[PDB]
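These notes are about the structure you will find just below.
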6 protein chains.
Amino acid sequence: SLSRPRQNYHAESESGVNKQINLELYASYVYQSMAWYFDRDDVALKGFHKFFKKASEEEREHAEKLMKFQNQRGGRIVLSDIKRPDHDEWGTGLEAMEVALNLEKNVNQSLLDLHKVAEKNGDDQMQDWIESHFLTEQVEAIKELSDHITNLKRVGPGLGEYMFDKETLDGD
Amino acid sequence: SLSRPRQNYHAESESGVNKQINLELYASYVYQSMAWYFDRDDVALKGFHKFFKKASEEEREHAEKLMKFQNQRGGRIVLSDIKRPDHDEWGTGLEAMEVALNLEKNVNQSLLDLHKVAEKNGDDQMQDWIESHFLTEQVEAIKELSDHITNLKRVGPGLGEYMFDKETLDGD
Amino acid sequence: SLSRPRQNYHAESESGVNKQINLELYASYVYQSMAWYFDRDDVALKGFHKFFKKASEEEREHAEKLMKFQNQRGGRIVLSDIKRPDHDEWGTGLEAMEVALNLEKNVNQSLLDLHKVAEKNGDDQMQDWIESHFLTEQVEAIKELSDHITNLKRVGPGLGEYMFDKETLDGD
Amino acid sequence: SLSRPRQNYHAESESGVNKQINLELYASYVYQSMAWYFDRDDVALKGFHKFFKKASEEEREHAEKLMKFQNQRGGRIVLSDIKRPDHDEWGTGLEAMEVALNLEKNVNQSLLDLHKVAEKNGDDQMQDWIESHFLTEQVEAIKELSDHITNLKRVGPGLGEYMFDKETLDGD
Amino acid sequence: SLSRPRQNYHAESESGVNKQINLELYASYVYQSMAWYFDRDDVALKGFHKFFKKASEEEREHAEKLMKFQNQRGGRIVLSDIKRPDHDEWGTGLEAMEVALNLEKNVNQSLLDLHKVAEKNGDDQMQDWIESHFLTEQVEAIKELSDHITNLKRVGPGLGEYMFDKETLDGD
Amino acid sequence: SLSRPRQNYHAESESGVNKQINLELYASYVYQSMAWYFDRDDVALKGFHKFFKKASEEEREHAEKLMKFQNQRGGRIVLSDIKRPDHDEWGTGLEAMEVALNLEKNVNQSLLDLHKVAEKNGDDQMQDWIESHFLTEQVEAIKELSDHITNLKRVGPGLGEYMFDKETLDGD
Ligand SMILES: [Mg+2]
Ligand SMILES: [Mg+2]
Ligand SMILES: [Mg+2]
Ligand SMILES: [Mg+2]
Ligand SMILES: [Mg+2]
Ligand SMILES: [Mg+2]
Ligand SMILES: [Mg+2]
Ligand SMILES: [Mg+2]
Ligand SMILES: [Mg+2]
Ligand SMILES: [Mg+2]
Ligand SMILES: [Mg+2]
Ligand SMILES: [Mg+2]
Ligand SMILES: [Mg+2]
Ligand SMILES: [Mg+2]
Ligand SMILES: [Mg+2]
Ligand SMILES: [Mg+2]
């Protein structure tokens, strides 16, 4: 029995939105782990803390954008376990930014794959929605992380990392 | 002799925009009929009146969005009779909301069909225009009507219908 | 079974209000056709566009004044097809103003005929209502269109039409 | 090698804070599931939606209070999988409030158990911290849910549930 | 060695963005030539001057939108000579507006061709970006130039051209 | 047939102004290339980006100052191809500032050479105009670039370049 709103919305698209929901929540958890790693007394970079804390809140917003979309189209949210991140510790500011870029590139591919499911099933509204909410925001996030990685390599460790935290990440 | 602006704009697309203009004007007329039905002394629901009056004005705005688009692309507006609605009377608030949802789903399909004409003829700008102006607005309208139908069934007839008119539709 | 409000309201008057509703909606559609004709890239007169767009919205307001009146007196709105206008194209600014005047004079007669139905059936309130809402507004509209026609003949075609659009119709 | 801040902070307390972090994140996920269930077109209670959405954000704040505390005391955050909730669907507003109360009572016990670990290990600051941040907030949350359950039983299903959503939960 | 941001970005798309950069800069130079032609003591139309000066600045902004896009996607800007325009002199206001429309239609085709390269290579983000930034803006620019050409033919040479400069182009 | 304004304005001066127009536009293009090089994900210096972007806009303003001057004196603007810059890549912040200084010194000589043409032909107004608009502005630009080069050598590569971008160029 099809939900009352449902029109031009395919079971593969509905299932793909649930898979993207879990990935956004997973990315939220990775950024949360990194945020609180930078609050450790033996790491102590408030800029990096604030940056990954905000990244974590944004990913949970992405998850909730997809939950609202699922309900708009008359699909049904199915939640899965949010897997713990692969590491308890995240190294230097540079190493954490590289992990961030690799995560954002994996989320980007997964969004393009979900756009392909929409396209395969003739879902013109879902393709446009993914384009409006996600595809350009992911390009912007990937360029920003690439800029940060270039600058963290330019400033180098020690004082450089500290000044990057103060200047680019507005630490404090 | 092609109009001065005309570029990548197919006769099938031009004709499809005229057909969508008439459908938007038709939907405007159905909502107008329902609006003034709720102003009857023997129906007397100001919330429902205000809701369908606004829906009617929006559909005429949709019609005028398509008239402006036709002229932008160098096509020519051709108007047809606006058929009277299928009923003089529209029953209960619940029955009118169900008629609304069925109308919005028929307008939605017709917009996806017009997007398919654009796509078939390689009209990338017209596909994006339909996506920006219509496809997401239709999804939102269909979800809102589905929410209203669920709530009108929850509150039930009599006092429930009255309180829905006061609370959700801000009657008065 | 007479509606609860109904007092001194004759079946001929009720039927005449439904006929005037359709005529107001028809006039609305003619003005809408002319409005969007003046938005064509090959006509391109923003003053004329704005003038007929406003005329169109006013005629739909007239239609809704009569719908409210029908319900006030305990009559029942019966909607008919809104016939498409007699032309797709409307010529020069002067030619469109002459079509406007001829339409307003036909709506005026039809209002005087409806006033005669009210009078024949002793409906003192309906005669006064038509006088308050319509008869003087029609005289004003006819005088304004006659003034515009005189001025469009004075300024002549080409630059004159352009300056009339800028000065009298406040184009832009 | 003990972290630089660490003083009077026992391995059992550190491990108990990580277990409470996962429970707060779990409760956050249950409230998130319930929030978006109430946004379904076939459930459509904006008050319940807003209430569980806020409850979800608060539980994630609780999780982050414990992450900050772990780092303050020189312990180390260890994250585990956030288990999916036990249900995809949550029934009536009344049924969801009862699930909420049962969850808050299980989180409450778990906080008293964590306070007992602190007490067993002579951690006077950690006992006071749990008292300041959690023990009274849990009593308040449990009393509020008990009040809501009493009122949802008083108003009854259908119109009652709708009016509770409008009046007590400020729906819209 | 692929740049750090690069994902789903094809060499044909990168090369097409460099070709569109040069075309936008070329169009900027044509509008600049026309702007300063209208500042000649023997042409002296401040409205036309201001209009083509703004058109020139906008085209250079288009060029810079594509430079930012190239860098966002991890491609590399390659600049070519900006060819001088085909004429030193641009005739009447009407003749310059017709040259403008022909230029905007050639830039429009070139944007649709670049969208086709994006589409051929499955670049969903680049297609949406071209749609958001360019395809509708080009339709609007072409309709405006078509409107101006219609009006410059309506007003005729001499006084008409002067009044068009004062009224539509706000000369001074 | 001499233009109506022309007085004491020599063909050599008119031709020299057209040559300076092309040089200013060339310098604009070099600064634009350098601006967008500093926006590359693998260069990523917002201060340098903003500095060369502004330098580029100023050089195009210089070009337009000379176009206005040509028309004031009754000469005729003749535009040539704007040659692409000699490099796609511009190295370190220090290397780009040295390229800037060398460009500004070549533009300076070319302005003194144009002043000599004015002087040779007794054009007292054109000599004063070049003095007022250009000769002191070039001295100021050359001193500023020399100061920046001294400071980029003082701070050294890596962190020094980053801090120069933040402090002297107000990056962000
Ligand atoms: Mg995300
Ligand atoms: Mg794809
Ligand atoms: Mg699209
Ligand atoms: Mg868009
Ligand atoms: Mg519509
Ligand atoms: Mg389709
Ligand atoms: Mg009327
Ligand atoms: Mg009479
Ligand atoms: Mg009176
Ligand atoms: Mg909690
Ligand atoms: Mg105890
Ligand atoms: Mg352009
Ligand atoms: Mg195409
Ligand atoms: Mg210069
Ligand atoms: Mg000298
Ligand atoms: Mg001097």
Side-chain angles (χ1 to χ4, degrees), chain A residues 111-112 115 118-119 122-132 134-136 138-140, chain B residues 5-10 12-13 69 72-74 114-115 117-119 121-135, chain E residues 6-18 20-27 58-59 61-64 66-67 69-75 77-78 102-115 117-119 121-143:
Chain A
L111 286 162
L112 290 167
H115 189 284
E119 182 173 15
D123 198 332
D124 307 304
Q125 193 268 341
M126 174 169 171
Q127 288 168 253
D128 182 61
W129 186 92
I130 293 176
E131 291 157 21
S132 303
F134 286 102
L135 289 201
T136 293
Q138 273 316 119
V139 160
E140 286 170 359
Chain B
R6 203 191 185 109
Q7 186 172 38
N8 197 28
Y9 194 56
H10 195 275
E12 287 169 8
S13 303
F69 177 76
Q72 283 177 310
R73 294 300 304 274
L114 180 67
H115 189 284
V117 171
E119 182 173 15
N121 293 121
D123 198 332
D124 307 304
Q125 193 268 341
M126 174 169 171
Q127 288 168 253
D128 182 61
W129 186 92
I130 293 176
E131 291 157 21
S132 303
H133 292 284
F134 286 102
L135 289 201
Chain E
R6 203 191 185 109
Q7 186 172 38
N8 197 28
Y9 194 56
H10 195 275
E12 287 169 8
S13 303
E14 173 177 3
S15 166
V17 163
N18 287 328
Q20 191 67 28
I21 287 166
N22 190 266
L23 186 53
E24 299 293 346
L25 292 171
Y26 172 80
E58 278 159 34
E59 293 304 333
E61 290 169 2
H62 300 351
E64 294 207 322
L66 287 151
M67 289 176 195
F69 177 76
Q70 185 75 282
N71 282 348
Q72 283 177 310
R73 294 300 304 274
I77 300 165
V78 181
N102 176 277
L103 180 60
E104 290 294 342
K105 293 244 247 170
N106 286 335
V107 166
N108 194 34
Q109 175 60 233
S110 167
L111 286 162
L112 290 167
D113 290 346
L114 180 67
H115 189 284
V117 171
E119 182 173 15
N121 293 121
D123 198 332
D124 307 304
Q125 193 268 341
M126 174 169 171
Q127 288 168 253
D128 182 61
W129 186 92
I130 293 176
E131 291 157 21
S132 303
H133 292 284
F134 286 102
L135 289 201
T136 293
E137 297 294 282
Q138 273 316 119
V139 160
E140 286 170 359
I142 288 160
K143 175 63 159 66

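Proteins get letters first, then strands, A, B, ... in listed order; numbering begins at 1 in each.
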Looking at side-chain heavy atoms only, is the closest gap between A/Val139 and E/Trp129 below 4.5 Å?
-> no
Spacing of CG belonging to E/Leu103 relative to CG belonging to E/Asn108, to within rounding of 0.5 Å = 11.0 Å
Return yes if a side-chain donor-acceptor contact under 3.5 Å exists between E/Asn102 and E/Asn106, otherwise no.
-> yes
Drop me the distance from E/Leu114's CG to E/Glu12's CD, to the nearest 0.5 angstrom.
-> 11.0 Å
Side chains of E/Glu24 and E/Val107: does their closest heavy-atom pair fall under 4.5 Å?
-> yes
Indicate whether any N or O donor in one side chain lies under 3.5 Å from an N or O acceptor in the other, for E/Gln70 and E/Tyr9.
-> yes
Is the closest side-chain heavy-atom distance between B/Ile130 and B/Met126 below 4.5 Å?
-> yes
Should the pair E/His62 and E/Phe134 be assigned to parallel (<30°), tilted (30 to 60°) or perpendicular (>60°) ring geometry?
-> perpendicular
Are A/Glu131 and A/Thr136 close enough, and set up right, to give a side-chain hydrogen bond (donor to acceptor under 3.5 Å, both in side chains), and what steps lead you there?
-> CA-CA 7 Å; A/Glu131 291 157 21; A/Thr136 293; over 6 Å; no
Any donor-acceptor pair under 3.5 Å from E/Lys143 side chain to B/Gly74 backbone = no
Partner set under side chain to side chain contact (heavy atoms under 4.5 Å, CB included) for E/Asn8, not counting sequence neighbours = A/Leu112, E/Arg73, E/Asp123
Is A/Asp124 close to B/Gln127 at the side-chain level, that is, under 4.5 Å between some pair of heavy atoms?
-> no
Taking the side chain as C-beta and beyond, is there a heavy-atom pair between E/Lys105 and E/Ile142 under 4.5 Å?
-> yes
Using a 4.5 Å cut-off on heavy atoms from C-beta on, say whether the side chain of E/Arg6 contacts that of E/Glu14.
-> yes
What residues form a side chain to side chain contact (heavy atoms under 4.5 Å, CB included) with E/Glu137, not counting sequence neighbours?
-> E/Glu140
Walk me through it: do B/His115 and B/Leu135 pass the test side-chain contact (heavy atoms from CB on, under 4.5 Å)?
-> CA-CA 9 Å; B/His115 189 284; B/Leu135 289 201; 4.2 Å; yes
So do B/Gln125 and B/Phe69 actually touch side chain to side chain, heavy atoms under 4.5 Å?
-> yes
Can you tell me how far CD of E/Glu119 sits from OG of E/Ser13, rounded to the nearest 0.5 angstrom?
-> 11.5 Å
Backbone of B/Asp128 reached by a side-chain donor or acceptor of B/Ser132 within 3.5 Å = yes
Separation between CD1 of E/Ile21 and CD1 of E/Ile77, rounded to the nearest 0.5 Å = 5.5 Å
Is a side-chain donor or acceptor of E/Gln138 paired with a backbone partner of E/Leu111 at a separation under 3.5 angstrom?
-> no
